[PDB]
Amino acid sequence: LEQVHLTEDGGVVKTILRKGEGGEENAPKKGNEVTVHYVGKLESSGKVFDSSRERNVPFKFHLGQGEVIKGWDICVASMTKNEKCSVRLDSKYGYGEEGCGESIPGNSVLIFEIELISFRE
């Protein structure tokens, strides 16, 4: 499968597992509310740290508005409706040098499987 480098630094690399729908109407625009399912794990250990699939509650955010880690804003902006991907985030696009809480060490690479379910204005 093709690996799409969404930044020139190789810090956000998206592999498409399931192609979504084409057509301009099926790609989200900045500001749109996106609804996703996701599973995030540490690249090093493969340990899952957070998953919307756990609670079975699709997660919603406003695209490009800094509501989520940068790598998600970048990754989801590249997706189309029904697309499923695996994205590799360098720590720069995740939780950085400090990490976050108990489960994410400083300088961690993260891997997220992200499905774009739907979006609206």
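Throughout, we count residues from 1 along the sequence that is shown. Take the two forms, find the largest set of C-alpha atoms that superpose within 1.5 Å, and that set is the rigid core.
Relative to the displayed structure, the C-alphas of 22-30 lie farther away on average in 5 other deposited structures of this protein than those of the other candidate, with 72-80 and 22-30 compared after rigid core superposition.
The stretch with the higher mean CA B factor, choosing between 93-101 and 19-27, is 19-27. The stretch with the higher mean CA B factor, choosing between 51-59 and 35-43, is 51-59. For residue 114, the recorded CA B-factor ranks within the lowest third of the chain. Only modelled residues enter the ranking. Annotation for residue 84: C-alpha temperature factor in the middle third relative to the rest of the modelled chain, per the entry.
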